[PDB]
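In the authors' numbering, the protein residues as written are 1 to 61, 65 to 223.
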Ligand SMILES: O=S([O-])[O-]
Ligand SMILES: O=S([O-])[O-]
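Shown next as structure tokens:
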């Protein structure tokens, strides 16, 4: 009923535009759905070298890849073989705003990902456009249903030069392709995302995420 393997390939193409700058990015990677770990090699095919911080894009490059325990419904693994899509708002504290789409589908041992990323109102002297971002801090997503739709909220923070932080609020909606796929209870998903290596101008990046679901206190 699932057909999600313990090892899967990941195939991804992103087209997008931030502060007027258009780009295209390709990803080929591998992951381990049931351990909640994945890794990806990203390559810019148009719009390079990007005039903005690469970190803003990186959560755009699948909650399938998260370790769900048994007492929590796993909507993402239950949305296959047919797949699902998500939509995200990234509200930055200094007025920068991004919206994002991923349409996720499966052929054999490979997830396919049609991704769209649009950003604006980023200040010219901000960390994004000055490229002063170091990494996303690990996070904790909250998952809840709001009018028959699974929703994730995250207080994200980008570490900057000098250990300052640049805030971002995520809200993501998640939508199974198949009707009447069972919504889960209110729960959490810890994340940690990480650029493992990158070339100088970020035309080549190697990314890794690790995520695990939990009920919160007292259970976790
Ligand atoms: O857990 S992360 O730092 O690889
Ligand atoms: O479950 S709480 O009340 O400790």
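Built from N, CA and C at the ideal position, the CB exists for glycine as well.
Proximity annotation: ligand 1 has residues 195, 197, 211 and 213 in chain order, each selected because its CB is closer than 7 Å to a heavy atom of the ligand.
In the DSSP assignment, residue 14 forms a beta bridge with 25 and 118. It is roughly 18 Å from the alpha-carbon of residue 43 to the alpha-carbon of residue 114.
Where residue 1 is concerned, there is no enclosing alpha helix (DSSP H), because DSSP gives it neither an H nor an E. With a threshold of 6 Å, the Cβ atom of residue 221 counts as near ligand 2, since some heavy atom of the ligand is closer than that.
For residue 208, the enclosing beta strand (DSSP E) covers residues 207-217. The three-state secondary structure of residue 184, taken from DSSP, is coil. In the pairwise beta carbon analysis, the region 120-135 is classified as touching the region 88-98: at least three pairs are separated by under 8 Å. Residue pairing by DSSP places residue 38 opposite 31 and 212 in a beta bridge. Bridge partners of residue 191 according to DSSP: 145 and 217.
If you compare the alpha carbons of 200, 185, 145 and 165 with that of residue 193, the shortest gap goes to 145. Here residue 81 has 2, 179, 184 and 185 as same chain residues with Cβ atoms under 8 Å from its own Cβ, once five neighbours each way along the sequence are excluded. Between residue 142 and residue 110, the alpha-carbon positions lie close to 30 Å from each other.
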